[PDB]
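A quick write-up on the structure given underneath.
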Amino acid sequence: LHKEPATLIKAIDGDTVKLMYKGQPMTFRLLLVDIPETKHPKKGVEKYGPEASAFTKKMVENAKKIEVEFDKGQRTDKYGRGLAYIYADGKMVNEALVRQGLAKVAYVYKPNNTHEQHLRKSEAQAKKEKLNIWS
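Take 63 as the starting number for the sequence shown in mature numbering (1 follows the signal peptide of the UniProt record, and there is no 0) and just add one per residue.
This is how it looks when you write it as structure tokens:
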């Protein structure tokens, strides 16, 4: 895989960020993670949703640079959102959320599963530390 540059447009939720990618605006869904959401009439604002959303927001707004990394499979989902690992100054946002207990590792769809073990390791540590969602 490779990283490519992108420019932040807007953080939307814990697991959605709008980016300028190759001169086009696009909505990105973070691969392999489920975050509590702020948006969904079903439940409204889930617990840790505001926290997860603020965490992602701070991390990308304060970055020197943002990079996107597509996986080996489908690069868009059925809603037209890009499917990618997002990096802020070299640090993967998807992993940072899971490491802090602000996200769980999603149901995995091969072949979009390249960083799955790495994330699951971070998830086990957050659970071990009983952080946030695991507290």
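Where is the CB? At the ideal position from N, CA and C, for every residue including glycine.
| query | result |
| --- | --- |
| Taking residue 4 as part of the alpha helix (DSSP H), name the residues at either end of that continuous run. | The first residue shown for the chain is 63 and the last is 197, placing residue 4 beyond what the model contains. |
| If you reduce the DSSP assignment to three classes, tell me which class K104 lands in. | coil |
| Where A114 and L145 are concerned, what is the direct C-alpha to C-alpha distance, given to the nearest angstrom? | 19 Å |
| I'd like to know if the segment 64-76 and the segment 90-105 are in contact, where contact means that at least 3 CB-CB pairs between them fall below 8 Å. | yes |
| Quick check: what's the CA-CA separation for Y147 versus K189? | 22 Å |
| Am I right that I128 and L81 are in contact with their C-beta atoms under 8 Å? What's the rounded C-beta distance? | 7 Å |
| For the beta strand (DSSP E) containing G111, name the first residue and the last one. | No beta strand (DSSP E) holds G111; the alpha helix (DSSP H) holding it covers 111-123. |
| Suppose the cutoff is 6 Å on Cβ atoms and the five residues either side in sequence are ignored; what does the same chain contact list for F132 look like? | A146 |
| What does the Cβ neighbour count give for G111, buried or exposed, with the cut at 16 atoms within 10 Å? | buried |
| Out of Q187, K134, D151, which one is the CA nearest neighbour of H64? | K134 |
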